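# Summary of structural features
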Amino acid sequence: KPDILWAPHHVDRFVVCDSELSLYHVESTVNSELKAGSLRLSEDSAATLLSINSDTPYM
Amino acid sequence: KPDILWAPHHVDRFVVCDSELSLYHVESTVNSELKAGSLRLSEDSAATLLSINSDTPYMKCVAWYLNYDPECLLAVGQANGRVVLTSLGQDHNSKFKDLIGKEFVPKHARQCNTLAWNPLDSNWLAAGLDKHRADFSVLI
């Protein structure tokens, strides 16, 4: 069961749980074009991947 | 079989392979006291742990990438035959993250005996595995 969790003390950090766990960070993209490797979370919001972990199979 | 490997392009970086793989860095300690959490490699040498990885249980074969980018890139082949490309450096600007975590699985489950990279072309990996009944043993 994949799930997304925010950072307890950081508003821009999130983690998504799957076969590989991906920790991403949120950045603004209103005044800038689509950054390379950044996922357009919204029209003016961009999420940049911070870390990837494959250390937990069958989580 | 635990083993220690140096960084191909860095003289201060090393990796030790065990149940957990530890990437450490070497620093001087002649004019400074024993730093907290630093292993006294010699009388005037100190090694500071850089990263720890538990992502490879029952590791069988280990190799290090030749090219400079990305840094701290290794390939680990397991007993089941899966060969996974892992990274240990703090690389927030990976050139090709698609290869990060890339895994090759043998057609038939067999143990990988050895793995190596081609020096002339860093994009070629040669791996020799266990003897299958009627299948090739060396894959590039």
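Residues numbered from 1 in each chain as written, not as in the entry; some residues may be left out. Chains lettered and ligands numbered in written order. Part of a larger assembly, values for the part shown. Heavy atoms only, no water. Residues with missing side-chain atoms left out of burial classes, pairs and counts.

Deposited coordinates in this entry are attributed by the record to cryo-EM, at a stated resolution of 3.66 Å.

## Concerning the overall build of chain B
Scanning chain B from terminus to terminus reveals zero helices and twelve strands. Overall size of chain B, expressed as C-alpha extent along the three principal axes, is 60 × 30 × 25 Å. Nonlocal contacts in chain B, meaning residues at least 24 apart in sequence, comprise 24% of its contacts between residues at least 6 apart. (Helix = DSSP H or I, 4+ residues; strand = E, 2+ residues; numbered from the N terminus. Contact = heavy atoms within 4.5 Å.)

## A closer look at unusual backbone geometry
Residue and element names in this part refer to chain B. Cis geometry marks the peptide bond from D69 to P70, where omega comes out at -5°. As for its position among the elements, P70 is in the loop between β6 (59–64) and β7 (73–78). Notably, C72 is not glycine yet its phi reads approximately 55°, a positive angle.

## Section: the pairing of strand β1 (residues 3–6) of chain B
Residues and elements named next belong to chain B. Bridge count for β1 against strand β2 (residues 13–17) is four bridges, and the pairing is antiparallel. Pairing of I4 across the sheet is with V16, part of β2. Turn length for the β1-β2 hairpin, with the two strands adjacent in sequence and antiparallel, is six residues. (Pairing = 2+ DSSP bridges.)

## Quick look at the sheet that holds strand β5 (residues 45–53) of chain B
All names here are of chain B. Judged by pairing direction, the sheet is antiparallel, and its five strands sit side by side in the order β1-β2-β3-β5-β4 without closing on themselves. This sheet does not close on itself; its edge strands, each paired only once, are β1 and β4 (38–40). When the angles between neighbouring strand axes are averaged without regard to direction, this sheet yields 30°. Examined bridge by bridge, strand β3 (residues 21–28) and β5 share eight bridges and lie antiparallel to one another. Across the sheet, residue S22 finds its bridge partner in β5, namely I52. (Axes fitted to C-alpha atoms, helices over the stretch in contact; angles between N-to-C directions.)

## Quick look at the sheet that holds strand β4 (residues 38–40) of chain A
All names here are of chain A. Strand order in the open sheet formed by five strands is β1-β2-β3-β5-β4, with antiparallel pairing between adjacent strands. Because the sheet does not close on itself, it has two edges, and the strands there are β1 (3–6) and β4. Each strand axis lies, on average, 30° off the axis of its neighbour in the sheet, ignoring direction. Alignment of strand β3 (residues 21–28) against strand β5 (residues 45–53), held across eight bridges, turns out to be antiparallel. Paired with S28 across the strands is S45, a residue of β5.

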